[PDB]
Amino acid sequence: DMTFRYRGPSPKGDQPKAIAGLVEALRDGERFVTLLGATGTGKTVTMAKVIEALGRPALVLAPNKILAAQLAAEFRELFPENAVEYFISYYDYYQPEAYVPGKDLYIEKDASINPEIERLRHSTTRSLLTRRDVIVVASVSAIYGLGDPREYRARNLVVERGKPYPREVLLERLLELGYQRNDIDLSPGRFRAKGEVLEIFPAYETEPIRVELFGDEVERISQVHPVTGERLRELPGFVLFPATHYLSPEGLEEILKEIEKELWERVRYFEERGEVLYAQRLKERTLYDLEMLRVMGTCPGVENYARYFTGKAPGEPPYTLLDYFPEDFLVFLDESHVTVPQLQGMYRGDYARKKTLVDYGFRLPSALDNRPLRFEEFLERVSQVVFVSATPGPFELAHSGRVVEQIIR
């Protein structure tokens, strides 16, 4: 009753019984529970009552970004005072890198990307570390790979007013958090320093922060409007979280060395096979990528090298959004009959795409380690799953210990 504050309509009819039935199932420790028949507003009202009753952070997956947006909006109304995050990915809107051999066609990752996507993703991980009253609503792309959250947690930056913090150190720690310097265009995940004035745009923020320095002392802190410069608030201080989710305790040069080692092995493989074109394709793309990394700390498609930034071993499952929750979160799978098959086939479908890229020299084999979880890998990262559907599919009915009805036609 303390974590979340439900401000919405009261359930009528038998809906209180469906809420109680789910709460009973989950408090029993049932691993698989099905809500059957719920539709429209009553669906999210029941979920919300269950989430409030149990007081745990919640992950809610939808078949696609559009339905996730609808769910998030409903949840924002039912919990106006809690963090309702919306988690989506590039792959919800744009075509991935791919190569179809039958037509000798390379499809590049879309370079012109909406910055809102990374902003929402960063708002999500920021909330999941800073508070318990989080409900993340996401497409199935939550279970695609992400970086080490142990480093995301540990690599923060605390600024208080009326204290230094000398200047040249603040710019060092900003670059350590992945913030690029751009004085022309200040967009999220970037900073600007002219004189004793420092403008920091946190990767999760809609409004950058203005830090004014008098010598070492932090003279003034103000949150500023992005387009007009208008001061909107004064800040006593703030905690800055990183600007990428791929953060390693190993050094960048060391990482780039590990990657080049794999590059030359793989070129040796192609060259020994007479596949000159694949080797030179692979060198051009990989070296270009590492050079963008070395100079800017990040590159487009850095997630291809995710194994090297997380210390995972080949074949090991990667970190996902699942690792950014506290230990006791709760999963709902909306449109269970669609969402479960999606979860089941993420790996094989992703693997199919990247294996072609790896076979023909577009990517190193290590890129296969930046992958969605296998369905049993998913089921091992979660404690309890609530399947939500009016037409629950075979997996839900085969494995649920409880199936609670909510038929309001």
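Note that residue numbering follows the sequence shown and begins at 1.
Mean CA temperature factor is higher for 233-241 when stretches 233-241 and 318-326 are set side by side in the entry. For the pair 186-194 and 120-128, the record assigns the higher mean C-alpha temperature factor to 186-194. Between the residues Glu176, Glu85, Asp334, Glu74, the entry's highest C-alpha temperature factor is the one at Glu176. The top Cα temperature factor in the record, among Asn304, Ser222, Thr339, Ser89, falls on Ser222.
Sorting the modelled residues of the chain by their CA temperature factor places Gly297 in the highest third. Per-chain ranking of the deposited C-alpha B factor places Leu213 in the highest third. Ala111 sits in the highest third of its chain by CA B factor, as recorded in the PDB entry. Per-chain ranking of the deposited C-alpha B factor places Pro96 in the highest third. Placement of the Cα temperature factor of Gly147 within the chain: lowest third of the modelled residues, per the deposited record.
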